[PDB]
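Chemist: How does the following fold in three dimensions:
(one chain, ligands or ions: 3)
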Amino acid sequence: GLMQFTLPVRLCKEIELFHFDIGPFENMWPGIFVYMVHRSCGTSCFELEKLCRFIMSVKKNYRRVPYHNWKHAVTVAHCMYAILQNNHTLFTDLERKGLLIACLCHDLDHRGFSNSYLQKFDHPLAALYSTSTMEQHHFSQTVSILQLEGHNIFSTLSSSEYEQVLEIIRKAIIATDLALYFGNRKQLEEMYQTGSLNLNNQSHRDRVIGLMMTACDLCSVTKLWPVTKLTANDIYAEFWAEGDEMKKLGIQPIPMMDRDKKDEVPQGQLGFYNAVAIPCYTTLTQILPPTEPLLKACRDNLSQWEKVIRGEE
Ligand SMILES: CCOc1cc(F)ccc1-c1nc(CCOc2ccc(C[C@H](OC)C(=O)O)c3ccccc23)c(C)o1
Ligand SMILES: [Mg+2]
Ligand SMILES: [Zn+2]
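Modeler: Numbers count the residues shown, from 1 in each chain. Ligands and ions are numbered 1, 2, ... in the order given. Structure as follows:
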(Lines give C-alpha, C1' and ligand atoms only; values in the text may rest on other atoms or scores of the structure.)
(Ligands and ions follow the chains in the order given, each with its own letter.)
Protein backbone atom coordinates (compact mmCIF):
# COMPACT_ATOMS: atom_id res chain seq x y z
CA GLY A 1 0.00 0.00 0.00
CA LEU A 2 2.81 2.48 1.04
CA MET A 3 5.30 1.07 -1.62
CA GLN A 4 5.71 3.81 -4.33
CA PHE A 5 7.85 3.36 -7.46
CA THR A 6 10.30 6.30 -7.91
CA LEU A 7 12.57 7.03 -10.90
CA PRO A 8 15.97 8.75 -11.07
CA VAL A 9 15.64 12.57 -11.38
CA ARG A 10 16.19 12.85 -15.18
CA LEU A 11 13.47 10.16 -15.88
CA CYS A 12 11.12 11.58 -13.18
CA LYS A 13 11.13 14.93 -15.10
CA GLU A 14 11.51 13.72 -18.73
CA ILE A 15 8.75 10.98 -18.41
CA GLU A 16 6.07 13.74 -18.08
CA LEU A 17 6.99 14.97 -21.63
CA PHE A 18 5.44 13.52 -24.84
CA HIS A 19 8.90 13.03 -26.49
CA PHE A 20 10.35 10.88 -23.61
CA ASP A 21 12.41 7.82 -24.77
CA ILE A 22 12.18 4.84 -22.30
CA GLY A 23 15.90 4.11 -22.99
CA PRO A 24 17.96 0.96 -23.78
CA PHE A 25 17.73 -0.74 -20.31
CA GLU A 26 14.92 -3.36 -20.75
CA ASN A 27 14.93 -4.26 -17.00
CA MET A 28 13.70 -0.68 -16.19
CA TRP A 29 10.63 -0.74 -18.55
CA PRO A 30 8.31 -2.66 -16.13
CA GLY A 31 9.15 -0.15 -13.34
CA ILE A 32 8.51 2.73 -15.83
CA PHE A 33 5.05 1.24 -16.70
CA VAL A 34 4.10 0.73 -13.00
CA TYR A 35 5.25 4.34 -12.20
CA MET A 36 2.91 5.55 -15.02
CA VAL A 37 -0.06 3.38 -13.78
CA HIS A 38 0.43 4.65 -10.15
CA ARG A 39 0.42 8.39 -11.19
CA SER A 40 -2.18 8.01 -14.04
CA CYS A 41 -4.56 5.70 -12.15
CA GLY A 42 -3.62 5.57 -8.41
CA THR A 43 -1.56 3.12 -6.25
CA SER A 44 -4.81 1.13 -5.49
CA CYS A 45 -6.00 0.61 -9.16
CA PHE A 46 -4.23 -2.81 -9.33
CA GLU A 47 -2.84 -5.25 -6.73
CA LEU A 48 0.94 -4.74 -7.25
CA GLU A 49 1.66 -8.57 -7.12
CA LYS A 50 -0.97 -9.24 -9.89
CA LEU A 51 0.17 -6.20 -11.95
CA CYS A 52 3.85 -7.37 -11.84
CA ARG A 53 2.85 -10.95 -12.79
CA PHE A 54 0.62 -9.51 -15.62
CA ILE A 55 3.43 -7.19 -16.97
CA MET A 56 5.98 -10.08 -17.12
CA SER A 57 3.57 -12.52 -18.95
CA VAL A 58 2.73 -9.71 -21.44
CA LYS A 59 6.52 -9.13 -21.98
CA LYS A 60 7.04 -12.91 -22.43
CA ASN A 61 4.37 -12.92 -25.24
CA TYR A 62 6.07 -10.13 -27.31
CA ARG A 63 8.54 -11.60 -29.84
CA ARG A 64 12.13 -10.54 -30.69
CA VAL A 65 11.18 -8.64 -33.90
CA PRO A 66 12.96 -5.39 -34.93
CA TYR A 67 10.03 -2.97 -34.17
CA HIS A 68 6.74 -4.67 -32.99
CA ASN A 69 8.40 -5.70 -29.67
CA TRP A 70 8.20 -5.15 -25.89
CA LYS A 71 9.93 -1.71 -26.28
CA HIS A 72 7.18 -0.55 -28.78
CA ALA A 73 4.49 -1.67 -26.25
CA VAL A 74 5.94 0.37 -23.35
CA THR A 75 6.65 3.32 -25.73
CA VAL A 76 2.97 3.33 -26.93
CA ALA A 77 1.81 3.06 -23.26
CA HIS A 78 4.04 6.08 -22.29
CA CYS A 79 2.48 8.28 -25.07
CA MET A 80 -1.00 7.38 -23.66
CA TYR A 81 0.27 8.23 -20.11
CA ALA A 82 1.36 11.70 -21.42
CA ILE A 83 -2.06 12.27 -23.14
CA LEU A 84 -3.99 11.13 -20.01
CA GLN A 85 -1.84 13.31 -17.66
CA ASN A 86 -2.33 16.44 -19.92
CA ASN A 87 -6.19 15.82 -20.03
CA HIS A 88 -6.71 14.97 -16.29
CA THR A 89 -10.49 15.60 -15.96
CA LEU A 90 -11.72 14.25 -19.38
CA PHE A 91 -11.42 10.45 -18.67
CA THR A 92 -13.25 8.05 -16.30
CA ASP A 93 -11.53 5.83 -13.65
CA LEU A 94 -12.13 2.74 -15.92
CA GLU A 95 -10.78 4.46 -19.11
CA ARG A 96 -7.48 5.26 -17.29
CA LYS A 97 -7.19 1.60 -16.04
CA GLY A 98 -8.09 0.11 -19.47
CA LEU A 99 -6.16 2.41 -21.90
CA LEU A 100 -2.64 1.97 -20.34
CA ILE A 101 -3.25 -1.87 -20.30
CA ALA A 102 -4.63 -1.73 -23.90
CA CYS A 103 -1.47 0.09 -25.08
CA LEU A 104 0.89 -2.42 -23.34
CA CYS A 105 -1.13 -5.29 -24.92
CA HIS A 106 -1.92 -3.72 -28.35
CA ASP A 107 0.68 -5.72 -30.41
CA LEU A 108 0.82 -8.96 -28.30
CA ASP A 109 2.50 -11.87 -30.17
CA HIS A 110 3.16 -9.78 -33.32
CA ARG A 111 5.32 -11.69 -35.87
CA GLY A 112 6.47 -8.52 -37.72
CA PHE A 113 4.08 -9.04 -40.72
CA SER A 114 1.10 -6.89 -41.88
CA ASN A 115 -2.52 -8.13 -42.11
CA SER A 116 -1.96 -8.12 -45.95
CA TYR A 117 0.92 -10.63 -45.72
CA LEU A 118 -1.10 -12.98 -43.41
CA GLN A 119 -3.95 -12.86 -46.04
CA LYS A 120 -1.68 -13.51 -49.08
CA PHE A 121 0.21 -16.27 -47.15
CA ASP A 122 -3.20 -17.81 -46.16
CA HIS A 123 -2.25 -17.83 -42.41
CA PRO A 124 -4.79 -19.63 -40.15
CA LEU A 125 -5.36 -16.28 -38.29
CA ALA A 126 -6.69 -14.85 -41.63
CA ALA A 127 -9.31 -17.71 -41.74
CA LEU A 128 -10.37 -17.04 -38.08
CA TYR A 129 -10.42 -13.15 -38.48
CA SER A 130 -11.30 -11.75 -41.98
CA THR A 131 -10.56 -8.05 -41.07
CA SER A 132 -8.19 -6.43 -38.49
CA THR A 133 -6.51 -9.90 -38.46
CA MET A 134 -3.53 -9.25 -36.10
CA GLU A 135 -5.56 -6.82 -33.90
CA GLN A 136 -8.24 -9.44 -33.04
CA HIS A 137 -5.35 -11.82 -32.24
CA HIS A 138 -3.70 -9.15 -29.96
CA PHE A 139 -7.00 -8.78 -28.03
CA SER A 140 -7.43 -12.60 -27.83
CA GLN A 141 -3.87 -12.86 -26.33
CA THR A 142 -4.81 -10.07 -23.83
CA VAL A 143 -7.89 -12.05 -22.60
CA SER A 144 -5.71 -15.26 -22.42
CA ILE A 145 -3.08 -13.58 -20.20
CA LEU A 146 -5.83 -11.95 -18.00
CA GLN A 147 -7.29 -15.49 -17.47
CA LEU A 148 -3.95 -17.03 -16.27
CA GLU A 149 -4.14 -17.74 -12.49
CA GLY A 150 -2.79 -14.76 -10.46
CA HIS A 151 -3.11 -12.42 -13.51
CA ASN A 152 -6.64 -10.94 -13.09
CA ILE A 153 -5.57 -7.32 -12.42
CA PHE A 154 -9.33 -6.38 -12.70
CA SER A 155 -10.54 -8.91 -10.02
CA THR A 156 -11.82 -6.04 -7.73
CA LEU A 157 -14.17 -4.52 -10.44
CA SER A 158 -17.94 -5.42 -10.46
CA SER A 159 -19.16 -7.88 -13.15
CA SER A 160 -20.40 -4.94 -15.34
CA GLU A 161 -17.32 -2.69 -14.74
CA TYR A 162 -15.15 -5.70 -15.80
CA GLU A 163 -17.16 -6.04 -19.08
CA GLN A 164 -16.89 -2.23 -19.67
CA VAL A 165 -13.04 -2.19 -19.18
CA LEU A 166 -12.55 -5.32 -21.46
CA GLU A 167 -14.85 -3.53 -24.00
CA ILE A 168 -12.67 -0.32 -23.78
CA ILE A 169 -9.56 -2.57 -24.26
CA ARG A 170 -11.13 -4.46 -27.24
CA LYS A 171 -12.15 -1.26 -29.14
CA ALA A 172 -8.78 0.41 -28.28
CA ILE A 173 -6.80 -2.58 -29.68
CA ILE A 174 -9.00 -2.88 -32.87
CA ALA A 175 -8.45 0.91 -33.45
CA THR A 176 -4.66 0.28 -33.89
CA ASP A 177 -5.59 -1.26 -37.30
CA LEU A 178 -4.38 1.70 -39.46
CA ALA A 179 -6.95 0.66 -42.19
CA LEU A 180 -9.72 1.78 -39.75
CA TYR A 181 -7.93 5.08 -38.79
CA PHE A 182 -8.71 7.03 -42.05
CA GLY A 183 -12.53 6.83 -41.77
CA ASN A 184 -12.30 7.26 -37.96
CA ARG A 185 -10.37 10.59 -38.30
CA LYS A 186 -12.63 11.86 -41.21
CA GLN A 187 -15.72 11.33 -38.98
CA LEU A 188 -14.05 13.09 -35.98
CA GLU A 189 -13.02 15.95 -38.37
CA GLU A 190 -16.68 16.42 -39.59
CA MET A 191 -18.14 16.08 -36.04
CA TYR A 192 -15.63 18.65 -34.64
CA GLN A 193 -16.19 21.19 -37.50
CA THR A 194 -20.06 20.94 -37.50
CA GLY A 195 -19.90 21.18 -33.64
CA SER A 196 -21.75 17.81 -33.18
CA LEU A 197 -18.79 16.14 -31.31
CA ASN A 198 -20.25 15.29 -27.84
CA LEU A 199 -17.93 13.59 -25.23
CA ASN A 200 -21.05 12.33 -23.28
CA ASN A 201 -21.99 10.33 -26.43
CA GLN A 202 -20.33 6.87 -25.88
CA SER A 203 -19.89 6.31 -29.70
CA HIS A 204 -18.10 9.71 -29.86
CA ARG A 205 -15.80 8.73 -26.91
CA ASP A 206 -15.00 5.43 -28.71
CA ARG A 207 -13.87 7.36 -31.85
CA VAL A 208 -11.72 9.81 -29.78
CA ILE A 209 -10.10 6.85 -27.88
CA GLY A 210 -9.54 5.26 -31.35
CA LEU A 211 -7.66 8.39 -32.51
CA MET A 212 -5.60 8.58 -29.27
CA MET A 213 -4.65 4.87 -29.94
CA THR A 214 -3.45 5.76 -33.48
CA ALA A 215 -1.61 8.84 -32.04
CA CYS A 216 0.15 6.66 -29.39
CA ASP A 217 0.86 3.83 -31.90
CA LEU A 218 2.59 6.25 -34.37
CA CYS A 219 4.38 8.23 -31.54
CA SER A 220 7.86 7.31 -32.99
CA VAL A 221 7.18 10.25 -35.43
CA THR A 222 6.82 12.61 -32.35
CA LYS A 223 10.27 11.94 -30.74
CA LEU A 224 13.46 14.02 -31.02
CA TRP A 225 14.93 13.47 -34.55
CA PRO A 226 17.73 11.00 -33.59
CA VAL A 227 15.11 8.66 -31.93
CA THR A 228 12.67 9.04 -34.91
CA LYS A 229 15.51 8.39 -37.39
CA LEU A 230 16.88 5.23 -35.62
CA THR A 231 13.32 3.79 -35.01
CA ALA A 232 12.67 4.17 -38.81
CA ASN A 233 15.56 1.59 -39.28
CA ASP A 234 13.67 -0.94 -37.06
CA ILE A 235 10.39 -0.19 -38.92
CA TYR A 236 11.97 -0.79 -42.39
CA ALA A 237 13.89 -3.90 -41.14
CA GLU A 238 10.41 -5.49 -40.60
CA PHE A 239 8.95 -4.06 -43.88
CA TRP A 240 11.95 -5.34 -45.95
CA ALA A 241 11.68 -8.85 -44.34
CA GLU A 242 7.96 -8.78 -45.36
CA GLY A 243 8.89 -7.67 -48.92
CA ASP A 244 11.34 -10.61 -49.07
CA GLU A 245 8.51 -12.97 -47.97
CA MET A 246 6.19 -11.41 -50.64
CA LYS A 247 8.89 -12.11 -53.31
CA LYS A 248 9.02 -15.71 -51.95
CA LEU A 249 5.22 -16.05 -52.61
CA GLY A 250 5.96 -14.83 -56.22
CA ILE A 251 4.54 -11.29 -55.54
CA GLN A 252 6.43 -7.99 -56.19
CA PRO A 253 6.03 -6.09 -52.89
CA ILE A 254 5.00 -2.38 -52.84
CA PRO A 255 8.28 -0.32 -53.13
CA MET A 256 8.07 0.66 -49.39
CA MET A 257 8.70 -3.03 -48.49
CA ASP A 258 11.33 -3.66 -51.28
CA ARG A 259 14.90 -3.53 -49.78
CA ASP A 260 16.25 -2.93 -53.35
CA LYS A 261 14.49 0.52 -53.19
CA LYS A 262 16.10 1.85 -49.91
CA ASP A 263 16.82 5.14 -51.84
CA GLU A 264 12.95 5.75 -51.89
CA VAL A 265 12.70 5.70 -48.01
CA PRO A 266 12.95 9.50 -47.36
CA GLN A 267 10.16 10.26 -49.95
CA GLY A 268 8.03 7.37 -48.46
CA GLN A 269 8.37 8.97 -44.97
CA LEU A 270 7.26 12.38 -46.50
CA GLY A 271 4.17 10.67 -48.01
CA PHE A 272 3.43 8.92 -44.67
CA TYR A 273 3.82 12.17 -42.58
CA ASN A 274 1.59 14.09 -45.11
CA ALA A 275 -1.03 11.28 -45.64
CA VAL A 276 -1.16 9.74 -42.09
CA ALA A 277 0.81 11.36 -39.20
CA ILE A 278 0.17 15.16 -39.72
CA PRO A 279 -3.63 14.68 -40.22
CA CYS A 280 -3.67 12.33 -37.15
CA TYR A 281 -2.02 14.80 -34.68
CA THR A 282 -3.88 17.80 -36.30
CA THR A 283 -7.38 16.28 -35.63
CA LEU A 284 -6.10 15.10 -32.18
CA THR A 285 -4.86 18.63 -31.20
CA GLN A 286 -8.28 20.05 -32.36
CA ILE A 287 -10.20 17.58 -30.12
CA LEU A 288 -7.59 17.58 -27.24
CA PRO A 289 -5.69 20.92 -27.24
CA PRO A 290 -2.98 19.87 -24.70
CA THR A 291 -1.71 17.13 -27.17
CA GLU A 292 -0.29 19.96 -29.39
CA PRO A 293 3.38 19.05 -28.60
CA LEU A 294 2.77 15.75 -30.57
CA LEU A 295 1.71 17.80 -33.67
CA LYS A 296 4.69 20.22 -33.25
CA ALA A 297 7.25 17.33 -32.86
CA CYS A 298 5.69 15.55 -35.92
CA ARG A 299 6.07 18.74 -38.07
CA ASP A 300 9.74 19.09 -36.89
CA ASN A 301 10.40 15.48 -38.04
CA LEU A 302 8.62 16.12 -41.41
CA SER A 303 11.08 19.02 -41.87
CA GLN A 304 14.03 16.71 -40.88
CA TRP A 305 12.89 14.22 -43.63
CA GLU A 306 12.72 17.08 -46.23
CA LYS A 307 16.33 17.91 -45.12
CA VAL A 308 17.37 14.25 -45.75
CA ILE A 309 15.82 14.48 -49.29
CA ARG A 310 17.58 17.85 -50.01
CA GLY A 311 20.90 15.99 -49.30
CA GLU A 312 21.36 18.29 -46.17
CA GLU A 313 21.72 14.95 -44.22
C1 LIG B 1 4.26 0.24 -38.58
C2 LIG B 1 3.70 1.56 -38.09
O3 LIG B 1 4.06 2.56 -39.08
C4 LIG B 1 4.89 3.64 -38.78
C5 LIG B 1 5.15 4.13 -37.49
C6 LIG B 1 6.01 5.23 -37.34
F7 LIG B 1 6.31 5.73 -36.10
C8 LIG B 1 6.61 5.84 -38.46
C9 LIG B 1 6.36 5.36 -39.72
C10 LIG B 1 5.51 4.27 -39.89
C11 LIG B 1 5.26 3.83 -41.24
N12 LIG B 1 4.32 2.96 -41.63
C13 LIG B 1 4.41 2.88 -43.03
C14 LIG B 1 3.50 1.94 -43.79
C15 LIG B 1 2.08 2.44 -44.03
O16 LIG B 1 2.20 3.37 -45.13
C17 LIG B 1 1.08 4.07 -45.58
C18 LIG B 1 -0.25 3.79 -45.25
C19 LIG B 1 -1.26 4.60 -45.81
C20 LIG B 1 -0.97 5.64 -46.68
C21 LIG B 1 -2.05 6.52 -47.25
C22 LIG B 1 -2.95 6.04 -48.40
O23 LIG B 1 -3.19 7.22 -49.19
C24 LIG B 1 -2.09 7.70 -49.97
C25 LIG B 1 -4.25 5.46 -47.82
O26 LIG B 1 -5.32 6.02 -47.51
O27 LIG B 1 -4.22 4.10 -47.60
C28 LIG B 1 0.38 5.96 -47.02
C29 LIG B 1 0.70 7.04 -47.90
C30 LIG B 1 2.01 7.33 -48.24
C31 LIG B 1 3.06 6.54 -47.69
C32 LIG B 1 2.79 5.48 -46.83
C33 LIG B 1 1.43 5.17 -46.47
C34 LIG B 1 5.46 3.73 -43.49
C35 LIG B 1 6.04 4.06 -44.82
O36 LIG B 1 6.00 4.36 -42.33
MG1 LIG C 1 -0.42 -3.41 -34.34
ZN1 LIG D 1 1.73 -0.89 -32.49
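Chemist: Provide a list of residues in contact with residue 95.
Modeler: Residue 95 is in contact with 168, 205, 209, counting by Cβ atoms under 8 Å, 6 or more residues apart in numbering. No exception for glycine: its C-beta is placed from N, CA and C like everyone else's.
Chemist: That one and residue 214: what is the separation?
Modeler: In this view, residue 95 and residue 214 are 16 Å apart by Cβ to Cβ, to the nearest Å.
Chemist: State which one residue of the stretch 201-313 of the chain is found closest to ligand 2.
Modeler: residue 217 (6.7 Å; Cβ to the ion).
Chemist: Now that residue: closest residue in space, sequence neighbours ignored.
Modeler: Distance criterion Cβ to Cβ, 6 or more residues apart in numbering; nearest residue to residue 217, sequence neighbours excluded, is residue 176 at 5.0 Å.
Chemist: these two touch, right, the one you found and residue 211?
Modeler: No. Using Cβ atoms under 8 Å, residue 176 makes no contact with residue 211, being 11.3 Å away.
Chemist: Got phi/psi on residue 308?
Modeler: Note on residue 308: backbone dihedrals following degrees, to the nearest 10 are phi -60, psi -50.
Chemist: and it, how many neighbours does it have?
Modeler: Neighbours of residue 308 under the rule other Cβ atoms under 10 Å: 17.
Chemist: Quick check: chain neighbours aside, which residue is closest to it?
Modeler: residue 266 (4.4 Å).
Chemist: Return the list of helices and strands in contact with the helix or strand hosting the one you found.
Modeler: Assigned by DSSP states H and E, residue 266 belongs to helix 265-272. Packing partners of helix 265-272 (3 or more Cβ pairs under 8 Å, 6 or more residues apart in numbering; DSSP states H and E): helix 225-248, helix 292-309.
Chemist: so what secondary structure elements neighbour the last one?
Modeler: By that I understand helix 292-309. helix 225-248, helix 265-272, helix 278-287.
Chemist: and the stretch 201-313 of the chain, which residues reach ligand 3?
Modeler: residue 217 (Cβ under 5 Å from the ion).
Chemist: For residue 190, which non-adjacent residue is spatially closest?
Modeler: Closest to residue 190 by Cβ to Cβ, 6+ apart is residue 196, at 7.9 Å.
Chemist: so how far is ligand 3 from the one you found?
Modeler: Distance of residue 196 to ligand 3, given as Cβ to the ion, to the nearest Å: 30 Å.
Chemist: Could you measure from the most centrally placed residue in the chain over to residue 38?
Modeler: Centroid-nearest residue in the chain, with Cα atoms, centre = their mean: residue 217, separated by 2.7 Å. Distance from residue 217 to residue 38, counting by Cβ to Cβ: 24 Å.
Chemist: do the same with residue 127
Modeler: Counting by Cβ to Cβ, the gap from residue 127 to residue 38 is 42 Å.
Chemist: Then residue 295?
Modeler: When Cβ to Cβ is the yardstick, residue 295 and residue 38 sit 28 Å from each other.
Chemist: which residues does the closest residue to residue 169 other than its chain neighbours contact?
Modeler: Computed as Cβ to Cβ, 6+ apart, the closest residue to residue 169 that is not its neighbour in sequence is residue 102, at 4.5 Å. Neighbour list for residue 102: 80, 142, 168-169, 172-173, 213 [criterion: Cβ under 8 Å, 6+ apart].
Chemist: Using the three-state scheme, assign residue 102.
Modeler: Three-state call for residue 102 (DSSP: H, G, I helix; E, B strand; the rest coil): helix.
Chemist: Also residue 151?
Modeler: On the basis of three-state DSSP, residue 151 is classed as coil.
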